[PDB]
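# Descriptive analysis of the structure
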Amino acid sequence: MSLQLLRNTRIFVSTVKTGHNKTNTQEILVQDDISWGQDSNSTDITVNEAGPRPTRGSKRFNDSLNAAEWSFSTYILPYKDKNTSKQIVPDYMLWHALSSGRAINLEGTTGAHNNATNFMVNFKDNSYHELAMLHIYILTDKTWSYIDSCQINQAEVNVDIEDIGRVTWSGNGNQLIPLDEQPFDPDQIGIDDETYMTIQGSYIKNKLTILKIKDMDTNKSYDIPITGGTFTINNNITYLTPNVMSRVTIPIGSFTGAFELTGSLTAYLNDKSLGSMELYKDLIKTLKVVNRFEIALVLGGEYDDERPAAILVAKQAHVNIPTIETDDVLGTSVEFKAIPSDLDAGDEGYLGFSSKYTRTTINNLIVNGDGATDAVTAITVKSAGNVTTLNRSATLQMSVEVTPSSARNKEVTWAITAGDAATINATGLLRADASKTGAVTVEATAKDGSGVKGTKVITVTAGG
Amino acid sequence: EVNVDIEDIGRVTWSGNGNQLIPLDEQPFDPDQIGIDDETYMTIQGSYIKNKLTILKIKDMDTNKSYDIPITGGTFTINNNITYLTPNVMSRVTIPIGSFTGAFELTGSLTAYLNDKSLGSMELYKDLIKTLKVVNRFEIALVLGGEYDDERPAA
Amino acid sequence: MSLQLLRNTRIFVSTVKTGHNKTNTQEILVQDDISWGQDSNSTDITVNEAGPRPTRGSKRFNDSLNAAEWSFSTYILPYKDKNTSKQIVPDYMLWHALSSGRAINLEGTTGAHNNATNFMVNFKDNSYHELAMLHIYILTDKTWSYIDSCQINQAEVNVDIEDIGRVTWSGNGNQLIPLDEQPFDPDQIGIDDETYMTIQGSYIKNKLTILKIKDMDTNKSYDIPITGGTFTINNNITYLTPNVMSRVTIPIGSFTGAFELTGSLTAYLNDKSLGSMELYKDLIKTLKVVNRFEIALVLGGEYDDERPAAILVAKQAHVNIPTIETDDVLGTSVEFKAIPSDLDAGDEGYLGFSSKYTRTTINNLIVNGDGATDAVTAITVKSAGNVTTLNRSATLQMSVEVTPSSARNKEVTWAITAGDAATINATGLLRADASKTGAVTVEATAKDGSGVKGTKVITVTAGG
């Protein structure tokens with residue numbers, strides 16, 4: 001009688017089947033592209049004979065149930081909750097399931113976990129045969145229905161100008177189940193209007209898209225205006241089902257396959273220095289089997305005032321040779337896929353979601369890994385007593401200052417590049433001797449990899 | 001190909017194969033007297049079948065739970081799986097020679113809206129997804145054109 | 001300056017190397033799988049020393065040539081020719097050289113001989129060390145060649161349903177000889193369009209395949225719808241080549257081996273009466289060292305109206321113990337071999353080809369050996385003067401009426417089966433005596449092996 005409507009359907013994500021509370025269930029900001037359903041495998045039996053009386057017969061049997069299909073898209077709207085005062089995306093257990101299979105723990109360091117500054121999602125503890133187990137609850141009008149033991153297969157992140165920032169989720173469940181009784185009241189679990197105002201206070205617009213590309217073999221950072229992009233995280237999950245003739249069967253668990261983090265970035269060719277054309281010609285010139293690039297795509301842009309933004313940080317990526325795409329105005333496409341340091345070392349990449357980004361915050365998130373931990377920005381090597389020169393056979397212990405003063409890693413290395421008339425140790429004691437009449441330089445770079453440069457030309461003379 | 005869809009008038013689509021298409025110069029027979037006259041055309045057009053009035057009779061033979069399902073649109077076809085056999089001669093071309101009907105298939109797809117009412121679409125769906133059985137035995141009686149006390153055209 | 005394609009090959013079968021006419025050579029319609037050639041043997045003489053600085057050198061000698069191999073596939077295409085008005089298959093000399101070692105005589109009664117009703121092949125005259133000798137002529141595009149003194153080694157017939165009736169020929173020849181000049185005009189000898197139309201009017205489809213199997217030890221006919229099968233006519237011909245060390249040698253003569261007529265028949269298991277299951281259970285329950293089965297494989301089906309057909313008849317066959325072939329639908333395999341009554345008797349089996357087989361024609365082919373010779377179908381025995389009973393010490397010379405009225409064998413035998421109150425002679429003069437108060441029977445059967453029954457229950461009493 002009463003017809004169920006699509007627009008009135010609300011989704012609930014849970015980690016447990018009983019005792020649903022605010023810490024285990026949430027209302028998901030799903031769009032109007034929802035779709036789900038479970039199909040089955042069937043077998044037909046035909047008979048082929050040669051007698052005078054052919055047997056035109058066909059007998060059908062049900063054999064098994066395929067995986068339950070579910071897919072929906074949500075808005076990327078990071079925010080801070082009033083309870084914890086820490087930036088968390090509304091759909092945080094989805095990112096936890098995509099990241100690692102451990103118990104949900106925002107106070108840890110692996111998987112989806114927040115902080116006072118930003119919400120960061122790493123895949124360092126992803127090396128599992130089975131990720132975190134969810135339960136997609138589908139409340140269409142009044143009738144209940146949920147999908148048993150869902151697991152996130154992939155997360156489709158679309159980054160295109162003229163398009164608002166969104167993410168599309170698609171996964172599979174063991175068995176979709178319809179329910180008659182309410183598992184839990186949706187009103188108090190569902191987000192109230194105040195946190196809806198708090199969430200809508202932060203929107204991410206993909207029109208402001210700035211890319212950080214830097215090769216680790218040459219450190220040639222480029223300036224590329226983005227036309228449109230897309231990067232997805234794939235788990236390659238396959239459900240395993242038994243094969244029994246007598247009765248039908250349902251899937252039993254799964255085994256996550258190979259982790260894939262691929263992305264496609266479209267951008268216009270530029271003749272300007274460090275532009276798209278220079279990147280393309282450098283890549284098509286140095287044809288190398290292996291690539292090692294710093295790619296840091298920043299959705300929503302960067303600003304001095306706190307602004308909502310989404311960040312991808314791929315430390316050691318693999319850039320496929322670009323193919324310049326012909327159109328009205330030449331716009332090329334670059335394909336990348338983040339490879340790890342070691343196949344089982346994790347650290348494929350990590351993401352940043354928060355409404356409160358300053359350029360320094362995103363910078364230290366990119367270089368150090370967290371939006372809260374500070375990193376060095378500039379370095380000037382300091383002589384032991386404002387000294388400008390050195391004579392032959394004289395010791396000089398180099399000192400150094402770093403900025404900001406709140407940097408977590410402040411120690412720097414000591415090296416000599418230009419000139420051969422002195423030496424430096426781990427502590428910085430520069431030493432000279434006889435037959436040292438030439439000008440020499442001294443270098444200093446911190447171990448956090450900010451790209452900081454500490455330089456000073458000391459005029460080492462022959463002495464008195 | 002029988003198509004049963006609302007907003008669509010009842011029609012059937014035929015598709016088959018012949019040994020060899022042949023063009024003819026002489027009239028095999030006069031079309032006028034063989035062709036239907038206007039009176040039987042009036043008699044035929046006196047009866048139309050409209051698929052908008054589609055009522056389904058579904059009943060399982062293991063439980064006898066007849067359902068009340070309003071149809072959104074359907075399609076059922078009868079297939080013979082006919083393949084023509086032709087010889088393979090290198091010197092000259094060849095034409096098909098007879099055929100052997102394969103396996104008889106009578107399949108159909110019925111689209112209908114989910115209903116919370118008793119003996120509705122949702123009850124049928126949940127019963128089927130609850131009693132997962134390899135073999136099914138159902139009374140399906142699709143009635144194109146509807147049913148009425150007065151004489152009405154129906155399929 | 002030209003390349004030769006396999007599609008332009010034309011094959012002619014001849015019994016003479018000169019004076020080629022339409023009665024000695026005809027074209028054989030071959031298919032893609034045609035193949036022919038001749039291989040050569042060699043030898044390497046290598047020195048095998050053991051010391052340092054050994055000799056490492058070889059040497060090759062051509063020593064012999066192998067027998068030429070040829071094979072091709074043809075369609076079973078019975079038809080009637082306008083010249084003689086007798087049913088004949090286009091590759092009839094192939095059948096003759098397979099069947100007998102005498103000169104071809106279609107008017108005779110052994111080997112390949114035709115009739116106004118059907119074309120027949122029997123192996124009653126194959127006791128020869130060198131069967132009828134052919135010469136395969138090959139015409140590829142423009143160049144000519146032929147194989148000298150061929151012999152039909154075997155003829156494979158595959159009952160592959162949903163396919164056309166086809167036979168595959170194989171054999172050996174003394175030597176393959178390339179001919180530079182045209183032996184005969186292929187335009188005249190090759191089949192013309194009229195006979196091509198007549199042939200293509202008649203095709204044998206393997207789908208319409210009925211099989212007639214009967215246990216001669218129990219008189220039990222089975223209804224087995226076939227799934228797929230094959231039967232072979234094999235001669236096991238081996239070609240002898242002389243060994244000469246100084247010069248290469250080609251085969252000089254041959255010798256036929258053991259004539260084998262085997263088969264293999266696959267079918268599904270049927271629970272119906274006299275089905276496949278009953279045959280399998282009877283065969284595995286008897287467990288007999290020897291079996292006497294009558295097998296009549298009828299390609300093309302049996303019908304009241306005229307239809308083309310190819311029939312293999314095994315009068316006294318030997319059936320192996322069947323096995324169950326576990327597939328999606330359970331089945332079995334009936335592997336048989338046609339054995340003769342006596343080793344030097346021939347008559348292992350025969351074949352009948354025609355484009356006009358009414359059911360009666362194939363029936364009398366099976367039971368009489370020829371499609372033209374009619375065979376008795378039913379019998380009702382008649383007394384002397386329409387008498388219904390008999391009294392003690394009274395004669396009853398019974399007669400017989402048979403159908404059809406044109407059966408070649410109109411005679412019957414006489415026997416008493418039920419009761420002991422009378423005795424019958426060869427002519428049929430039944431005789432009784434006193435003290436005969438029981439009901440006795442009389443039976444008659446034809447001498448052509450049709451399987452016709454003549455029965456009557458005479459109510460002999462003690463008299464008035």
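Residues numbered from 1 in each chain as written, not as in the entry; some residues may be left out. Chains lettered and ligands numbered in written order. Part of a larger assembly, values for the part shown. Heavy atoms only, no water.

## Regarding the interface of chain A and chain C
Heads up, the rule is: We call two residues in contact whenever any of their non-hydrogen atoms come within 4.5 Å of each other. As a working definition, buried area equals the accessible area (1.4 Å probe) given up by two parts on being put together, with both sides summed. Salt bridge, as used here, is a side-chain nitrogen of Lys or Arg placed within 4 Å of a carboxyl oxygen of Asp or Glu.
Opposite the eight residues of chain A that make contact, chain C presents 12 residues. Roughly 810 Å² of surface becomes buried between chain A and chain C when both sides are summed, with 56% attributable to carbon and sulfur atoms. Per-residue buried area on chain A facing chain C is highest for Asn48(A), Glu49(A) and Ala50(A); these three make up 66% of the total on that side. Summed over the shared surface of chain A and chain C, the number is zero salt bridges.

## Concerning the sheet that holds strand β30 (residues 412–415) of chain C
In a beta sheet, neighbouring strands pair by backbone hydrogen bonds and run either parallel or antiparallel. Short version of the rule: Strands are labelled as partners when DSSP assigns at least two bridges between them. Numbering of helices and strands runs from the N terminus, with a helix taken as a DSSP run of H or I at least four residues long and a strand as a DSSP run of E at least two residues long.
Spatially, the four strands line up as an open sheet ordered β27-β33-β32-β30 (chain C), and their pairing is mixed. The sheet is open, and its two edges are formed by β27 (389–390) and β30 of chain C, each paired on a single side.

## Some thoughts on the packing of aromatic side chains
The line we're drawing: Stacked, tilted and edge-to-face are the three classes applied to pairs of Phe, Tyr and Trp rings, where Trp contributes its six-membered ring and a pair requires centres within 6.5 Å; stacked means planes under 30 degrees apart, edge-to-face means over 60, and tilted covers the rest. For every residue, the accessible area (1.4 Å probe, protein chains only) is compared with the maximum for its type, and the residue is labelled buried under 20%, exposed over 50%, or partly exposed between those bounds. Two conditions define a charge located above a ring, namely a distance within 6 Å from the ring centre to NZ of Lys or CZ of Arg, and an angle within 35 degrees of the ring normal.
On inspection of all chains with the given rule, the structure shows 22 aromatic pairs over all chains. On the numbers, 5.1 Å between centres and 45° between planes, the contact of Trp95(C) with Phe353(C) is tilted. One end of the pair, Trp95(C), is in helix α1 (residues 92–99); the other, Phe353(C), is in strand β25 (residues 350–354), and 258 residues separate them in sequence. The same class applies to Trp95(C) as to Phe353(C), namely buried. Seen from their ring centres, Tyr137(C) and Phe184(C) are 5.5 Å apart, and the 85° between their planes marks the pair as edge-to-face. One end of the pair, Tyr137(C), is in strand β11 (residues 134–140); the other, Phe184(C), is in the loop between β14 (175–179) and α2 (186–189), and 47 residues separate them in sequence. Assessed through its relative accessible area of 4%, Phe184(C) is described here as buried. Every member of this aromatic cluster is reached through a ring pair, and the members are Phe12(A), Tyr137(A), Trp144(A), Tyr146(A) and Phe184(A). The positively charged end of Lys17(A) is found above the aromatic ring belonging to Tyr146(A), 5.4 Å away from the centroid.

## Some points on the sheet that holds strand β1 (residues 2–5) of chain B
Residue and element names in this part refer to chain B. The strand order across the open sheet built from four strands is β2-β1-β4-β7, with neighbouring strands paired in antiparallel fashion. Each having just a single partner strand, β2 (11–12) and β7 (105–112) make up the two edges of the open sheet. Of the pairings in the sheet, the one linking β1 to strand β4 (residues 71–79) comprises four bridges and is antiparallel in character. Bridge pairing in β4 places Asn3 opposite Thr75.

## Points about helix α3 (residues 121–130) of chain B
Listed in full, the buried residues belonging to α3(B) are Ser121(B), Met122(B), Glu123(B), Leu124(B) and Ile129(B). Looking at the buried residues of α3(B), the elements they touch are β14 (175–179) of chain A together with β7 of chain B.

## With respect to unusual backbone geometry
For the bond from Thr403(A) to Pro404(A), the omega torsion is 0°, close enough to zero to count as cis. Secondary-structure assignment places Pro404(A) in the loop between β27 (399–403) and β28 (429–431). Of note in the backbone geometry, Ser393(A) takes a positive phi value of approximately 60° without being a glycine. Here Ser393(A) shows up in the loop between β25 (389–390) and β26 (395–397). Positive phi, normally seen in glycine, also occurs at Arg53(C), with a value near 50°. The residue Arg53(C) is located in the loop between β4 (40–44) and β5 (60–65) in this model. What makes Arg53(C) exposed here is its relative accessible area of 77%.

## Re the interface of chain B and chain A
The condition that has to hold: A 3.5 Å cut-off defines polar contacts: any pair of N or O atoms within that distance qualifies, except that in protein one atom must be a possible hydrogen donor and the other a possible acceptor, and neighbouring residues in sequence count only when both atoms are side-chain atoms.
Taken together, the contact pairs 21 residues of chain B with 17 residues of chain A. Here chain B and chain A share an interface that buries about 1700 Å² over both sides, 57% of which is from carbon and sulfur atoms. The interface formed by chain B and chain A contains zero salt bridges. Viewed at the interface, chain A and chain B are joined by seven residue pairs in polar contact.

## With respect to empty space enclosed by the protein
Residue and element names in this part refer to chain A. So the rule is basically this: As defined here, a cavity is a set of points on a 1 Å grid over the protein atoms alone where a 1.4 Å probe fits but cannot get out. A pocket is an open set with protein on both sides within 12 Å along at least five of seven lines, and residues line them when an atom is within 4 Å of a point. Grid points are joined across faces, edges and corners, and a volume is the space filled by probe spheres set on the points.
Taken as a whole and assessed by the stated rule, the structure comprises 11 cavities of 30 Å³ or more. For the largest cavity, the calculated volume is near 170 Å³. Along the walls of the largest cavity sit 15 residues, with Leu211, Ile213, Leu265, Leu279 and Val334 positioned nearest its centre. Among the elements of the structure, β15 (210–215), β19 (260–268), α4 (276–285) and β22 (331–338) are those that each provide at least two residues to the lining of the largest cavity.

## Concerning the UniProt feature "domain: BIG2" in chain A
Stated precisely, the cut-off is as follows: UniProt positions are given in the numbering used here, feature names are shortened, and annotations may be inferred rather than shown by experiment.
Per the UniProt record, the feature "domain: BIG2" sits at residues 375–453 of chain A. In residues 375–453 of chain A, the share of helix is 0% and the share of strand is 27%. The end C-alpha atoms are 13 Å apart.

## Focus on the environment of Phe231(C)
All names here are of chain C. By the secondary structure assignment, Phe231 is in strand β17 (residues 226–234). Residues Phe231 and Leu312, spaced 81 residues apart in sequence, show a C-alpha to C-alpha distance of 8.9 Å. In this view, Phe231 contacts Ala155, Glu156, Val157, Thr262, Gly263, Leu297, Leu299, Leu312 and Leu351; residues no more than four positions away in its chain are not counted.

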